[PDB]
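Below is one structure, written out as structure tokens; comments come after it.
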Amino acid sequence: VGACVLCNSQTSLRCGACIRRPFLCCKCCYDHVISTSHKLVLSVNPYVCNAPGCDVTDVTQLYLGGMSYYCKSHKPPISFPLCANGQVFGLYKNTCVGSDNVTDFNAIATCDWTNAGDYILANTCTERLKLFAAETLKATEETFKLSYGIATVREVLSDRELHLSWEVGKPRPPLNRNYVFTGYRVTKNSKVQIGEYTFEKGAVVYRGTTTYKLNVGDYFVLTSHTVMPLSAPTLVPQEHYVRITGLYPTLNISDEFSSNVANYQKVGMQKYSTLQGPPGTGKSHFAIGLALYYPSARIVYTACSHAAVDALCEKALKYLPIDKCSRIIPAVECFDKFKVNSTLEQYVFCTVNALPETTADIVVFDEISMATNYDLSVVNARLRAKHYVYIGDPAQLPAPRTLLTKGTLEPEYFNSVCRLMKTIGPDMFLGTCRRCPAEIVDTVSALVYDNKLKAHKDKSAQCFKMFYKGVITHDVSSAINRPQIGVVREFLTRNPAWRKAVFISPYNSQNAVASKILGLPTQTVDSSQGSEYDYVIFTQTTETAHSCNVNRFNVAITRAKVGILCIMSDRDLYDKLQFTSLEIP
Amino acid sequence: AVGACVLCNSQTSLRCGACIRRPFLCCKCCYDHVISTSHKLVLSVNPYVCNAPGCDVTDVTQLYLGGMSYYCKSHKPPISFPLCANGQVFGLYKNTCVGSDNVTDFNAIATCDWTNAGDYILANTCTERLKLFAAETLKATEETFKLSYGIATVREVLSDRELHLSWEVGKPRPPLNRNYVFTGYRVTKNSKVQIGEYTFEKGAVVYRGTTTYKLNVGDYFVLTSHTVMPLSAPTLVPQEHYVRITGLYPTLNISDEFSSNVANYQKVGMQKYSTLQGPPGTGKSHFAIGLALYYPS
Amino acid sequence: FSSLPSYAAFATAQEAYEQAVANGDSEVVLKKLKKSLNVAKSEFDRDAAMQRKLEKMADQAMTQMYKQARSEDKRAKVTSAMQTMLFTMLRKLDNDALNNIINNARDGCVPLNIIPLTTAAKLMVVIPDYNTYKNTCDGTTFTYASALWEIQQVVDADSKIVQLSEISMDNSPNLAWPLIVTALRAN
Amino acid sequence: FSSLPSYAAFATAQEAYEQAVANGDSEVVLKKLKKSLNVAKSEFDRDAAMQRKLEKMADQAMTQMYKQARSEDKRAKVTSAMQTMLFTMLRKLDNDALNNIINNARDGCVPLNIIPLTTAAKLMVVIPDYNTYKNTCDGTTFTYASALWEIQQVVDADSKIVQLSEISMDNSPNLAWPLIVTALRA
Amino acid sequence: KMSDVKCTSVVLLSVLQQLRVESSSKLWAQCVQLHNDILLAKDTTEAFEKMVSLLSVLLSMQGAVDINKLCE
Amino acid sequence: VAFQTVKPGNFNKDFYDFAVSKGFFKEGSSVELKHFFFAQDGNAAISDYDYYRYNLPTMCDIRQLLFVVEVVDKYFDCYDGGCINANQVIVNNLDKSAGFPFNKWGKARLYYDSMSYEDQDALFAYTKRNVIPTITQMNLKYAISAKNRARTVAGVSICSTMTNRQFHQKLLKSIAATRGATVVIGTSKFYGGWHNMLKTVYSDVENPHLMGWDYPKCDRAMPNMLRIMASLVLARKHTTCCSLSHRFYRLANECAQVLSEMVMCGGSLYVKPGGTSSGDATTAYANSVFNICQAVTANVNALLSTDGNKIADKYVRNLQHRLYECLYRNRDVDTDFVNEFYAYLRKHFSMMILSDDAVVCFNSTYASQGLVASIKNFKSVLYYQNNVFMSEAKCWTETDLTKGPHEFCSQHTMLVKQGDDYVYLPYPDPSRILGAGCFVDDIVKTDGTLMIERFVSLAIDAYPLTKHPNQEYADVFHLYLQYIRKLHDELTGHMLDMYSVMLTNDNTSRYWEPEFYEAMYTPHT
RNA sequence: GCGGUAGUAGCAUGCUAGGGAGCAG
RNA sequence: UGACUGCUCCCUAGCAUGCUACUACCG
Ligand SMILES: [Zn+2]
Ligand SMILES: [Zn+2]
Ligand SMILES: [Zn+2]
Ligand SMILES: [Zn+2]
Ligand SMILES: [Zn+2]
């Protein structure tokens, strides 16, 4: 019994056929029911014919017996149709305001999430629509993952390998670690305790995070949770203060981050600022500068992971005293230098996973592009702070959309705040290119970055250009090409100093074929930023919309301090990139 | 108490009473079965018969709904309601009824007394729940067959491998050999214990008892029967041939004693079922033991 | 009620009545075509208002036999439950120690109160205070009912284990005090 | 029941009967409008009978489901209703011995066991800093729950005994501060 | 005024009970004893001391955040 | 082992605040709170079962018990009993527990549904040739009371109740449907039931005093011989339906099931030594038979233990002489003297008996001379025939009949003026009513608007307090009336601010004026 | 001008059944 | 985990019966 979405009037009905079942208002509920197959509605009891053993379950299909609801095939002579009057029968039948055009709401509800139009809906919607949308995505995707087999390790041969089958009738989960399993073992009766695993090109290659050795009958599935509803908005209705009052102006400063202090000064004069954070532009350095500028701040460092907030904790105690940092790791092995399980902490780093709900000082959010509207409202649902900052950039990396089928969504509508730096403009920027030199940086500036990032350093001609083609042939959930893999060593051979690099590749099983040829380590394309060498070899091995789109392996090209490799078999952006070209042997 | 009818698969509660096996029948579908036979008694949670104290009427359409009861016209209260009407016999789930336009297939199986080869042309060239009903009707009526015959009393004992044996009254006699193996049991003063597995042949009565035993006076035999209960799965699943023999274990080494065997197994893992042409002594008993080594898993 | 023999008769009676009334011919027109309609309340007199009373009785009877079908399914379920309880509790019966005491009875009847006494393989003593623990379950083994039992697990009111070293005198006030000492018949 | 069609027919019939009895008209022609009028409450007072039934049937179903909703959201907030009620009645009691321990608890000094009542038994209280030690502990006496307790043990958080006059101000950033005072009732 | 004490002792034992205190047999025994001795008292100055002793059982846990609930 | 506790009651703070708004609970007032929900710790179940240690093997004076049983049976001639078929039994509330182990699979409804009338009748006729020992659970009660002693009832298995009902229900329901008798089970106290009961018990006794006693631990100290006698008296109506072996085997089933049964307390089976199981099929009537037995034997002891030479009424002397002969000299019943002693008792010692609660109107000048039972006689009788000491602090006596029983079924009696004549009204204990208002299981208690039907009944029971001379007592009833008014006109307010529609009409103003409650104590209905 | 039956609505009493609650031993 | 009874109030349903009015047919 709460307030309906489209009305905010206190109601008692919840659309039954609807996935997440939000509270709906009598007139507003009727509007939702008139345009869909969402034709079942639950009140304190479900609106279904309770004549013993019936079948009817549509709402208008029923009439109010006295203590019951019946179909016409059951209704007593004294009946009263539930759905009538343009207003469905429920509590608070008087306080109903509706919305004239709710096909916005019905469209979200009737949205099965297949096309990019679905996420144009998810963002270009209105608010409680926005939380309903993100939560519907999550719900239907954790229902997605379990339409698949039970990964039974049913023989064990060697280590790093398994003999593995699955359940019946179900297609199969993909190849790598965005879909990390977490199996659990049985005894005679019930289910207890294996761990975090994923299965890749073998023969089944499993990359278990923790130490364990598996036995017979050992099974795995992507164990799921219960996504419960959200509360706070994705972002508060923010505004810029008149003076930075209540915030502590410090006397002394470090000009290691002279690109930082003019950036913080109005941030205390304002609620939120999402920053233009190009890769390695001192963005992880950025939030640590304010840490010293305002050491009096309970400043909220959050990211998509303690693999991402990992980077926020990289220079944590290296810059701040020790006992003033803390991270809540729930009962996952990542950084553990801190004191753990202390929320009342001057500096609390964490992930959207499990920082408990409090009130703090200034929010600093890494990973804004890949995280969406769901966890966007999480930190503010977590926490009502002084002021807000999001570190990162939609110029990095979206999320993997398990159900988006037709035509990947813009970089620009990643989330409700991502449009803002493309409709309001960048609140901050950092062009301090500590990492890549004049090699790549402006060629990424003429890409999407406003001609905006300057040269760092000379151009030592170490990031490379290769004009190739290759031949690809498909398999389950990868794509394998050795005409370019053959080019890889062919590239890597004429100087053995080549091969001090990390292999970059989209279809990371193409490294499961390459690792046996070179011994070279693997680079995940999307989970890459934050990690890099000056030397990285990259076989894009595909030119499709999966592959050479604008801002995906964009994160892979900028991995080099000075010397990356790009066998651009694509004509997608090769027409731009300004690097050293040679003949192809 | 309540399941899905054969000819309809809708959820019904009506079982043809005069019918031998009594399968669940659907209201319209049950009426179709009742209109063409003498299967004119139908049981619901209670039997549809006139419960006026001490009546005789038992046909279905012969009855009307008298409140808490079912009556004949000779008993019906002024306020009645004929049970069998509307082209739909009165039972639970009277709405979900689909029927089959030509159920004389079903009636034919039910009215089949199993005398001619036409009976088993029915039993096979039928449809499916028809098929299980058919086989089960055969078995039922044949275990009712065997006991239309006398009680094989060994009433004198002369020598071994011989008996003095008579039977009960009015009944013809079971045949001569061991497809009809008896399993008699002995009495004391009151009830019926153990004897064993026996059959009686040309003597003077030659008995070929499987186990060791020596019989006494009054010793009787009949072909003791069981209770054939219904049957679920189909005779054979809707089968299909896989795309690779996945999930099955390809072995490296093989025995060419059965070189007539390995090419035979290879697609069998690429397929659900294979019934084999097995002529007598063609390594057929050898055949299944070859895969035993080929796929020891 | 539209599909009955009386509805067509009403339609024809009223078609004729209003036709001849718009004609407005005679007083016999209104008289007969208003006395025939008045057999129009004899028309769908009950061909629509006593049967409707059956659409009551049939509904009620169907509901009652619905209920009775359930009542007969619950019965079979509870029967299965009772009998599986019996057949799962007998398999604990320990059938050599109790076949031996029964065969010594003169007629086969033994008091019930001695069956767990003479043939149970597990004892559970409940002890309120330490002083009682001293006169009974002292040491790692004790004797009771003319048999010798060896202690195993000892738990307190919160069902957590207690090592036999803690049941001292002065340590007793820190124990949830109705200890449950379970023991096994020794041989 | 004013806004239904039968009311209009009834108004017409009653106007007709008024014209009749006011004109002193006929015997059978004014017998027209009650064999065609008292029928106008034969199908006005019935259509306006069943809908007047549904009127309160709906309301007695709505109030039933309202009471169900209230009772199902009342037994799902007990954990908090109970605590807020308890603390309202507590601050309403206005007792010094209770307010003392509640204020202490709201800042820091929670006990570690049931406060004993005899002039004997031991009480163990957690003192979290020094400022707090000032207000309660003055030398050898401990004032807590409106009573006096001679201190016998004060021990730091790393379990190391710390005798008394060691404790003062700038010599307090010396000890793991969740101290644990033992004391005995006066 | 004693009636206020008895009613608030009822409420106190209820909130202790739903804090799962009855999973510690001796603690629940002492709380039950104090609660039943408050309901039977006849002079308000011993009910008050058993009430502070009973409330200390709640103040000694870490389940009820106290400062937030003294919002005054 | 399982350790079962008892929770505290929920506080209804709104009713309490309202009560102190109307000026209640002020220091030094007479009406104060004494009934609460007392909580109990783990070892409260068994520490209560252990009270069966008060049941000792008692041998009875057989030649006196064999006469008292005739007199007590004479007290039960007005009724009729016998066996009934399975389709004649009546079971109010089929959804109650079915004992052990049946409570694993469903309530009593499941077992009354799954067995056809023929199965039930076969089961019943089985227990006339066999003994079915059963188990009994022991359950703690969760109810308001004035003392912190735990309470406990005996949940008897369905297999025992199902058959005891068919054995006893005809007589049990012929007892509860008779007016003007000695056993007053079934007689309501409303519509002038109380006045009729008291005017019946004050039949014509010449120097009437009223007397009431108390059985300490009545259910756990009752000797087994008296339980057996009670059941044998209840089974004296089966002289045509049952044969002799059938009657013995039913008695044996009764003993094996509700006398010396196996009690399942905690999670363990113990033996019950004796005394009544308080939750069996015939408790409230076996207790009445036992009550009458003890009163009769108190009279026998009081008349036999009197110096015969000092009695002046030469009819009572001959009655004493004949009584001794009939006890210790005769061997078969003497129906004429049984009738004569029963007549003497009904003349000089009239009783009103509920299941171990009793009122007696007795001839004062006879009890003064030891010709009927006084209270010392009851003390002696319970001492030697019941193994309890009855202190005279629980037994009351009253010498003015115009203020009736000092107590009976926990009600006091007031002689008030109704209409034109004076009637007897039963008023309760104000603390009880206030306590039922303040303390309750949550939602039943804390929010009234969900259940005003509660306060209406509580005000029904609290009405006669309006006629009390004390004034706080009347204020209890008026407080309840004003609280009902507040509840109602705030329910409509809530469902108006939750709405725009509310009560077009109600007629519930009757619930906050006394004419609705007054009517429940005037005789028409 | 009356009777009767049939209908319908209103109203009452009673009985059964179902549910919610209160008190008593 | 909730016993056996007894009484009482409130709500709903059903049926019959009973009472009254409106309309209809026939005598
Ligand atoms: Zn919906
Ligand atoms: Zn329906
Ligand atoms: Zn058939
Ligand atoms: Zn018949
Ligand atoms: Zn009998």
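Convention: chains lettered A, B, ... in structure tokens order; per-chain residue numbering from 1; ligands numbered from 1 as shown.
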Inset, instruction - From a DSSP calculation on the backbone, collect every residue of region 265-318 of chain A in helix (DSSP H, G or I) and output the set as a ChimeraX atom specification. - result: /A:267-269,283-293,309-312,316-318
Cut-off 7 Å, only C-alpha atoms (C1' of nucleotides) and all ligand atoms, neighbours of ligand 2 as an mmCIF file with N, CA, C and O atoms, in the first residue's frame:
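As written to disk, out17.cif reads:
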```cif
data_model
loop_
_atom_site.group_PDB
_atom_site.id
_atom_site.type_symbol
_atom_site.label_atom_id
_atom_site.label_comp_id
_atom_site.auth_asym_id
_atom_site.auth_seq_id
_atom_site.Cartn_x
_atom_site.Cartn_y
_atom_site.Cartn_z
ATOM 1 N N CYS A 49 -11.004 -15.027 -10.300
ATOM 2 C CA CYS A 49 -12.257 -15.652 -9.901
ATOM 3 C C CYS A 49 -11.983 -16.766 -8.909
ATOM 4 O O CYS A 49 -11.419 -17.803 -9.270
ATOM 5 N N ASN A 50 -12.373 -16.555 -7.661
ATOM 6 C CA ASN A 50 -12.117 -17.543 -6.630
ATOM 7 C C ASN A 50 -13.247 -18.552 -6.494
ATOM 8 O O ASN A 50 -13.361 -19.192 -5.444
ATOM 9 N N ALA A 51 -14.082 -18.703 -7.514
ATOM 10 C CA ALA A 51 -14.946 -19.872 -7.580
ATOM 11 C C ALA A 51 -14.065 -21.113 -7.664
ATOM 12 O O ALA A 51 -13.126 -21.141 -8.469
ATOM 13 N N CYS A 54 -11.365 -22.314 -11.095
ATOM 14 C CA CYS A 54 -11.659 -21.621 -12.337
ATOM 15 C C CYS A 54 -10.374 -21.288 -13.078
ATOM 16 O O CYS A 54 -9.273 -21.663 -12.670
ATOM 17 N N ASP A 55 -10.541 -20.574 -14.184
ATOM 18 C CA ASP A 55 -9.462 -20.305 -15.114
ATOM 19 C C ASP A 55 -9.296 -18.831 -15.443
ATOM 20 O O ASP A 55 -8.211 -18.423 -15.867
ATOM 21 N N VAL A 56 -10.322 -18.024 -15.226
ATOM 22 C CA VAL A 56 -10.350 -16.655 -15.725
ATOM 23 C C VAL A 56 -9.457 -15.780 -14.852
ATOM 24 O O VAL A 56 -9.476 -15.885 -13.620
ATOM 25 N N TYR A 70 -15.631 -12.819 -9.242
ATOM 26 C CA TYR A 70 -16.055 -13.952 -10.044
ATOM 27 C C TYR A 70 -16.058 -13.570 -11.507
ATOM 28 O O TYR A 70 -16.119 -12.390 -11.850
ATOM 29 N N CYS A 71 -15.966 -14.574 -12.361
ATOM 30 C CA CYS A 71 -16.319 -14.375 -13.749
ATOM 31 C C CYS A 71 -17.834 -14.412 -13.911
ATOM 32 O O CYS A 71 -18.586 -14.770 -12.998
ATOM 33 N N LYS A 72 -18.272 -14.039 -15.109
ATOM 34 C CA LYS A 72 -19.680 -14.146 -15.461
ATOM 35 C C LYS A 72 -20.170 -15.582 -15.342
ATOM 36 O O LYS A 72 -21.321 -15.824 -14.965
ATOM 37 N N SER A 73 -19.298 -16.545 -15.615
ATOM 38 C CA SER A 73 -19.641 -17.954 -15.486
ATOM 39 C C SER A 73 -19.772 -18.377 -14.069
ATOM 40 O O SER A 73 -20.128 -19.525 -13.786
ATOM 41 N N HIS A 74 -19.482 -17.459 -13.154
ATOM 42 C CA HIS A 74 -19.564 -17.751 -11.736
ATOM 43 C C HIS A 74 -20.290 -16.677 -10.946
ATOM 44 O O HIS A 74 -20.694 -16.944 -9.810
#
```
Inset, instruction - DSSP on the backbone, then: every residue of region 18-180 of chain C marked strand (DSSP E or B), written as a PyMOL selection string. - result: chain C and resi 122-127+141-144+147-155+161+179-180
Inset, instruction - Considering only C-alpha atoms, extract the chain C residues located within 8 Å of chain F and return them as a list in words. - result: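 Per the criterion, chain C yields residues 71, 72, 74, 75, 78, 81, 157 and 180 of chain C.
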Do you have, as a Markdown table, the list of residues of chain F lying at most 7 Å from chain A, each with its nearest atom pair and that distance in Å to one decimal, counting only C-alpha atoms and ordered by chain then number?
```
| residue | atom | partner | partner_atom | distance |
| --- | --- | --- | --- | --- |
| F:498 | CA | A:92 | CA | 5.8 |
| F:499 | CA | A:94 | CA | 5.3 |
| F:500 | CA | A:94 | CA | 5.7 |
```
Take the residues that were just selected and, keeping C-alpha atoms, output them as an mmCIF file, in the first residue's frame.
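Listed below is the output, result.cif:
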```
data_model
loop_
_atom_site.group_PDB
_atom_site.id
_atom_site.type_symbol
_atom_site.label_atom_id
_atom_site.label_comp_id
_atom_site.auth_asym_id
_atom_site.auth_seq_id
_atom_site.Cartn_x
_atom_site.Cartn_y
_atom_site.Cartn_z
ATOM 1 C CA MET F 498 -8.396 8.299 2.421
ATOM 2 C CA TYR F 499 -11.422 8.919 0.218
ATOM 3 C CA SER F 500 -14.060 11.360 -0.684
#
```
Legend entry - Who sits within 7 Å of region 172-179 of chain F, only C-alpha atoms (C1' of nucleotides), same chain under 6 positions skipped, as JSON, numbers by chain: {"F": [79, 80, 185, 186, 187]}
Define the interface residues of chain D facing chain G as those within 10 Å, counting only C-alpha atoms (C1' of nucleotides), and report them as a PDB file with C-alpha atoms, in the first residue's frame.
```
ATOM      1  CA  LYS D  41     -42.478   2.308  -9.527  1.00  0.00           C
ATOM      2  CA  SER D  42     -42.541  -1.373 -10.417  1.00  0.00           C
ATOM      3  CA  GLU D  43     -39.482  -0.749 -12.591  1.00  0.00           C
ATOM      4  CA  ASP D  45     -38.107   0.950  -7.318  1.00  0.00           C
ATOM      5  CA  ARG D  46     -36.281  -2.181  -8.464  1.00  0.00           C
ATOM      6  CA  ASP D  47     -33.573  -0.798 -10.728  1.00  0.00           C
ATOM      7  CA  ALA D  49     -33.112  -1.265  -5.481  1.00  0.00           C
TER       8      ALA D  49
END
```
Inset, instruction - For residue 27 (chain B), work out the shell of residues within 12 Å, counting only C-alpha atoms (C1' of nucleotides) and skipping chain neighbours fewer than 2 positions away, then give it as a PyMOL selection string. - result: chain B and resi 4-16+24-25+29-34+42-44+83-100
Inset, instruction - Go through B:290, B:250, B:170, B:54 and flag the residue nearest ligand 4, using only C-alpha atoms and all ligand atoms for the distances. - result: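 The shortest atom-to-atom distance to ligand 4 comes from B:54.
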Can you work out which residues are within 9 Å of ligand 1, considering only C-alpha atoms (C1' of nucleotides) and all ligand atoms, and then hand them over as a compact mmCIF listing (two decimals) with C-alpha atoms, in the first residue's frame?
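As written to disk, part01.txt reads:
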```
# COMPACT_ATOMS: atom_id res chain seq x y z
CA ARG A 14 -0.02 -3.71 -8.45
CA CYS A 15 -0.02 -4.80 -12.09
CA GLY A 16 0.30 -8.57 -11.94
CA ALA A 17 1.37 -9.38 -15.48
CA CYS A 18 3.85 -6.51 -15.20
CA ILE A 19 7.37 -7.62 -14.37
CA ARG A 20 8.33 -5.46 -11.40
CA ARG A 21 4.72 -4.78 -10.30
CA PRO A 22 4.70 -1.09 -9.32
CA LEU A 24 -0.70 1.79 -9.71
CA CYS A 29 -3.96 1.63 -13.27
CA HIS A 32 -2.15 0.99 -17.93
CA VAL A 33 -4.54 -1.95 -18.26
CA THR A 36 -1.49 -3.96 -22.90
CA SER A 37 -1.84 -7.61 -22.03
CA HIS A 38 -0.99 -6.53 -18.48
CA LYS A 39 -4.54 -7.55 -17.67
CA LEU A 40 -4.05 -9.06 -14.20
CA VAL A 41 -3.98 -6.75 -11.18
CA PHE A 105 4.52 3.81 -19.03
CA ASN A 106 2.90 1.03 -21.07
CA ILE A 108 8.31 0.69 -20.71
CA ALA A 109 6.15 -2.15 -19.39
CA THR A 110 5.55 -3.67 -22.82
```
Inset, instruction - Pick out the residues sitting within 10 Å of residue 126 (chain D), and hand them over as JSON, numbers by chain; count only C-alpha atoms (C1' of nucleotides), and ignore anything fewer than 5 positions along from it in its own chain. - result: {"D": [105, 108, 109, 110, 111, 112, 154, 155, 156, 157, 177, 178, 179, 180, 181, 182], "E": [60]}
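Straight-line separation from CA of residue 433 (chain F) to CA of residue 451 (chain F): 16.3 Å.
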Inset, instruction - Just the residues within 10 Å of residue 121 (chain D), please, counting only C-alpha atoms (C1' of nucleotides), with nothing from its chain fewer than 4 positions along; format it as a PyMOL selection string. - result: chain D and resi 115-117+183-186
Once you have the residues from the selection above, write them out as a short mmCIF file (atom, residue, chain, number, x, y, z; two decimals), in the first residue's frame, restricted to N, CA, C and O atoms.
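out_15.cif written:
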```cif
data_model
loop_
_atom_site.label_atom_id
_atom_site.label_comp_id
_atom_site.auth_asym_id
_atom_site.auth_seq_id
_atom_site.Cartn_x
_atom_site.Cartn_y
_atom_site.Cartn_z
N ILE D 115 23.09 -4.15 35.10
CA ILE D 115 23.42 -3.31 36.25
C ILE D 115 22.91 -3.97 37.52
O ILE D 115 21.69 -4.04 37.73
N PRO D 116 23.78 -4.43 38.41
CA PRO D 116 23.32 -5.13 39.60
C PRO D 116 22.89 -4.17 40.69
O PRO D 116 23.35 -3.03 40.78
N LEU D 117 22.00 -4.66 41.54
CA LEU D 117 21.32 -3.83 42.52
C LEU D 117 21.87 -3.95 43.93
O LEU D 117 21.64 -3.05 44.75
N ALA D 183 33.74 -1.82 38.61
CA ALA D 183 33.44 -1.11 39.84
C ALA D 183 32.45 -1.91 40.66
O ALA D 183 31.83 -2.86 40.19
N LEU D 184 32.31 -1.49 41.92
CA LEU D 184 31.42 -2.12 42.88
C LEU D 184 30.51 -1.07 43.47
O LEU D 184 30.95 0.03 43.81
N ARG D 185 29.23 -1.42 43.62
CA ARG D 185 28.26 -0.48 44.16
C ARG D 185 28.67 -0.05 45.56
O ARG D 185 29.20 -0.83 46.34
N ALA D 186 28.42 1.21 45.87
CA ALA D 186 28.75 1.74 47.18
C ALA D 186 27.87 1.12 48.26
O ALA D 186 27.15 1.82 48.96
#
```
Inset, instruction - Output the neighbourhood of ligand 5 as a VMD selection string, that is, all protein and nucleic acid residues with some atom at most 7 Å from the ligand, counting only C-alpha atoms (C1' of nucleotides) and all ligand atoms. - result: chain F and resid 82 to 83 167 238 241 to 242
Enumerate residues in contact with ligand 3: an atom-to-atom distance of at most 6 Å, counting only C-alpha atoms (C1' of nucleotides) and all ligand atoms. Format the result as a PDB file with N, CA and C atoms, in the first residue's frame.
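Listed below is the output, pocket_5.pdb:
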```pdb
ATOM      1  N   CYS B  16     -15.676 -44.000 -17.283  1.00  0.00           N
ATOM      2  CA  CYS B  16     -16.677 -44.906 -17.832  1.00  0.00           C
ATOM      3  C   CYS B  16     -16.748 -46.182 -17.009  1.00  0.00           C
ATOM      4  N   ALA B  18     -18.983 -49.011 -17.144  1.00  0.00           N
ATOM      5  CA  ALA B  18     -19.057 -50.267 -17.876  1.00  0.00           C
ATOM      6  C   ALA B  18     -17.783 -50.560 -18.647  1.00  0.00           C
ATOM      7  N   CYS B  19     -16.936 -49.557 -18.850  1.00  0.00           N
ATOM      8  CA  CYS B  19     -15.691 -49.769 -19.565  1.00  0.00           C
ATOM      9  C   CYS B  19     -14.704 -50.492 -18.656  1.00  0.00           C
ATOM     10  N   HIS B  39     -21.588 -48.936 -22.890  1.00  0.00           N
ATOM     11  CA  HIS B  39     -20.882 -48.273 -21.801  1.00  0.00           C
ATOM     12  C   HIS B  39     -21.746 -47.107 -21.370  1.00  0.00           C
ATOM     13  N   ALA B 110     -12.885 -49.780 -26.876  1.00  0.00           N
ATOM     14  CA  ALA B 110     -13.649 -50.140 -25.688  1.00  0.00           C
ATOM     15  C   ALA B 110     -14.641 -51.258 -25.967  1.00  0.00           C
TER      16      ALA B 110
END
```
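Near ligand 4, at distances of 10 Å or less and with only C-alpha atoms (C1' of nucleotides) and all ligand atoms counted, sit the residues residues 49, 50, 51, 52, 53, 54, 55, 56, 57, 58, 59, 62, 63, 64, 70, 71, 72, 73, 74, 75 and 76 of chain B.
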Inset, instruction - Give the answer as one residue: which of A:444, A:362, A:168, A:418 has the shortest atom-to-atom distance to chain B, using only C-alpha atoms? - result: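 Among the listed residues, the smallest separation from chain B belongs to A:168.
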Select from chain H every residue with an atom at most 12 Å from any atom of chain A, then for each give the shortest pair of atoms and their distance in Å to one decimal, using only C-alpha atoms (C1' of nucleotides), rows by chain and rising number, as a Markdown table.
```
| residue | atom | partner | partner_atom | distance |
| --- | --- | --- | --- | --- |
| H:11 | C1' | A:67 | CA | 11.1 |
| H:12 | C1' | A:67 | CA | 8.2 |
| H:13 | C1' | A:66 | CA | 9.5 |
```
